[PDB]
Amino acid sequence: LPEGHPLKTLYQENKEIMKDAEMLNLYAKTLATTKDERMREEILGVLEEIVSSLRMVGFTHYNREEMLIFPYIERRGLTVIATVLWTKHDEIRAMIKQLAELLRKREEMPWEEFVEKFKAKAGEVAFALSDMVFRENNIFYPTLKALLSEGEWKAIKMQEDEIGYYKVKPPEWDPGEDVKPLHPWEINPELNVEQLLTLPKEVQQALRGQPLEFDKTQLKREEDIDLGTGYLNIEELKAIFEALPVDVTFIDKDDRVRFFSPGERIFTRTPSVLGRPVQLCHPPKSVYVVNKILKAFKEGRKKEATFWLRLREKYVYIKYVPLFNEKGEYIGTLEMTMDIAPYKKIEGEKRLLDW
């Protein structure tokens, strides 16, 4: 594997996780046998760095695997691998968090109680991290290596920086300017019998006696609009805009009303307003404000205008922003209106349901 290959990077990260898991163990055991106060504060300082570093495993390494890689094997009938790895990743994340809390609350308890709990907990984290590196290196990665095409690895390589890396700064990798990058919906997910039989034993065992089922669902449908980050049809777009907590009105480059969101709105709009200069939409007394906002937007002196007021039981929050396209060119202005009184009365936390 060349430097930069997403698979090489995963191996490289694992080598760093192994070192950190092992230094964690070394330092936790050592802390438990150390009497000198100063030497204790030194070991604790290293332990804080190691543990704080290990928290990054979930946000980078595990996260890239779960978000970038699993989709390609799920389509190939290997969802169980993904589900089982994901569940383990979470158990390790939870254990690293417990370890950080212990280290943080160490002066709330006698020293003998702290060092013994820290040593036990560190031993468990190190063992789980190590066992995951081994499962990954020896079972999961040889699977990916046999199954994924260059074009899938290229698609993957492209999204990696959005998430990040555990202690690796990988260089560039492109397998070829004529290799087309493949998203999970673009591959042939099918595996033949020989591929099935060459799967590691542990992966075949995970199937629990059930032949592979491939996912050939098509993302792009007949009437779909390619929005860059998804595919939607007219009916979906309509229902989405209605469902939003903002009422929206789009003013295009001629300063003409071009679109308003459907459904119940705070300030009603009619069809007869489409194509109308925004200045003819307002009382003549409001026009100076409308024009001074649009000019500041166009010339780039301002990037927002905000108003708000009470309107019966509604706390109406109004915001105007200029819209720009990819090249950085002004394409119009968006008016956004919402009732913010419902949020004003949100307190504490809700992380569960009620049904």
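One-based numbering along the sequence shown.
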property: Highest-ranked of 99, 120, 133, 199 once sorted by CA temperature factor in the record; result: 99
property: Among modelled residues of the same chain, the CA temperature factor third for residue 317; result: middle
property: Record-listed C-alpha B factor of residue 299: chain third; result: highest
property: Residue 105 - Cα temperature factor, lowest/middle/highest third of chain; result: middle
property: Cα B factor band for residue 8 (lowest, middle or highest third within the chain); result: middle
property: CA B-factor placement of residue 65, once the chain's modelled residues are sorted into thirds; result: lowest
